[PDB]
Every structure is written in structure tokens, then in C-alpha cells.
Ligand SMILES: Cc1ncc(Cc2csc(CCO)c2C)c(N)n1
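One chain comes next, on its own, written as C-alpha cells: the form deposited without this ligand.
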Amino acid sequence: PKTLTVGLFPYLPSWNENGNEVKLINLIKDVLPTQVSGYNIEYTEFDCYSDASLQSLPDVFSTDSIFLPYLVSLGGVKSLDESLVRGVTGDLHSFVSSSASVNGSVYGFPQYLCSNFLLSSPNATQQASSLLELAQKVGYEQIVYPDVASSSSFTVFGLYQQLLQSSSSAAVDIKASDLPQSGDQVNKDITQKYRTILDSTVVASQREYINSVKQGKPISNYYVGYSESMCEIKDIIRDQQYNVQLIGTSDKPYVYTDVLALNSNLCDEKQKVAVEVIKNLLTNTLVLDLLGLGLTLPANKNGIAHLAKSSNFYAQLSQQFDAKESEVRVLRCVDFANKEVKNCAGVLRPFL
């Protein structure tokens, strides 16, 4: 009767050799307790990248902060005290806490930190501060950037808005009235920047890149993607001394944050049980250690520090997040979600 539904972020890395696929989300799920404070805890996968799932929120769910303000305007998420979050997550970065806050108030506990980092081989040859700067230097077809090469809807939409909008704060909140609707609304200056980067990317998938690095013959010394996509070579990264940094597609660096939030229709007792489940998800050393195996980044400084004590990879990102703590931006949506993102991407693609 008294049960708690938990919607976990399902997009964690996975492993493979041949046929047998191992999902990190399954390893973590088998560690989480199914009985807390007399409550029966149900852990299921919550796809925040599905508009249908955003319509029916569970008791407690993990969602990308890119849809947080839109999720707030529907009322389905409960506002939380500043002290309640700080007593669980500990110290957060300026951009991490900003990505979780909507209109002053806080609406969730930051769980994961994500971004399109630059994995540069020791054979660096050339360095840069932004992707545009890097693209010009490396020339035609040098960098590996699978999402851009494949023109993923979420990436096409993202890079366009990153090149376009600019903000003094950390939260770049855009609305549906800022998205190209036809084609004459497509900013040609921004489409120019994207093409510069696309021309510097080799038509090669992430799988092809990982295989090449494993076989000792990298197809490129440059790679852009999520840190979770580098988990299958985390040994080679540590051994052969690969470098990883925060690079903006232009000027300002952008990151993604996954946030644990609770439904607003919760009682007052369930409200306490949820915090315990969340406090476990964010502070349990076994969960953190498992996240380290997939190169997944915790959102709190405590979580990052814990994994930095035995990983050079996590060490660089800790220094990175601290040095550029004020320059990091987070793209969020005010009055739209997945449907508009896919539609906007569909408009932009022919102009790329």
C-alpha cells in the first residue's frame, strides 16, 4: 500500500563484446534498497526525453534540467527548501545549483553532470578554447564528433542555440518563440558557425572511434562527446595520458545536469521518505564507485571529489569545473519540450 515510485535516469553507459550487453543502470538498480522506512521503493526508468512521460510524473523522478522550467510551469514538481538540498547534496557549483533553480526557488536535487567534452590524445598538435577556434586550426575533417556527424536532433538543436543566445547568468532560458519555424527565421550567421564545425568533423560513429583507440590506431587525436561515451577506454585514457577539458562550441562552455525531483502531489510523510532514497542515490559510495566505472559525473562537489581521489580523468574535470565556474552555461526551455526540439532540428538540418 505505502509504496514509492522512483523514476531513474535511464541514459547511463553500457558495455558490449558480442551479443551480451551490460547496462550500468542495471548494476546500480541491483544495489538500491527496495525497503526504506517501511516503504516499498519501486525503481523504474523515466524517459525525460519523451513528452508522454513528462505528462505523468512519478513520485520522484530524474529529469534533464533542459526541460525543468517547462516541467515547473505544469506544476507537477514540488518546490524545495534551500537547506533541504544542501543537507543532502552538500556543496554544488554555481551553474549546477542554477540549473536546478527555477525563478529563484529550488525544484530538485542535482544528480548527474554532463557535457560535450574534448578528449584530446597526447598527440595534441593543436589546442583551443572553443570548438570554432579548434575547427579553424585543425582544418577539414579532423575532429571526431559523432552527434554532429549524424546530426542528432538534440545536438542540432543544442549547438544552434549555444552559438546563438548569450547570457550573463548561467541559465539560458529560451522559449518556443525563439525557434526557427520555417527557414527564413534560421539565422544564417549561426548556420555559418555550425558548418565550420561540421566540416572539421570526420564521418565516423562513436563505435568506430572506440574500436580504433582500443586497437592502438586512433582515427583522430580529437574527440567530442559525453564523458559516459568514453567509459570503454577509461584505462587507455588513464595510461596513455589523454586530456579532457570544457570547451564551448563558441565562447561559453555548456553543460547538462540531470536533476532528481519529487512530484508536487506528495503528502508530508512520503516527502521525507523520498529525500532518504535521494540521499542514498547521491551519497552512497558504492553507487558513486559504480558511476566511476562508466565515467558518469556526479553533480555535487562531494561526489566529484570522491571519484577524483583515484581517477586522473575525474581530477581534470574537477579543476575544470572550478576554474570556469562562472563561465559555464546551461540551456533550458521555458514553455516547450521534446516535440519542439525535434521540430526545430528538422528545420535547421537542410541549412547545415
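In this text, residue numbers run from 1 along the sequence as written.
Beyond the structure shown, there is the form solved in complex with this ligand, which is absent from this document and is the topic of what follows.
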- Item | in the deposited complex, the residue from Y39, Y49, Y43, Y314 that sits within 4.5 Å of this ligand by heavy atoms | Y49
- Message: Tell me which stretch of 243 to 251, 110 to 118, 260 to 268, 168 to 176 has a heavy atom within 4.5 angstroms of this ligand in the deposited complex.
- Response: 110 to 118
- Message: Within 4.5 Å, heavy atoms only: does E228 come near this ligand in the deposited complex?
- Response: yes
- Task: With heavy atoms only and a cut-off of 4.5 Å, decide whether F336 touches this ligand in the deposited complex.
- Result: no
- Applying a 4.5 Å heavy atom distance criterion, does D59 contact this ligand in the deposited complex? no
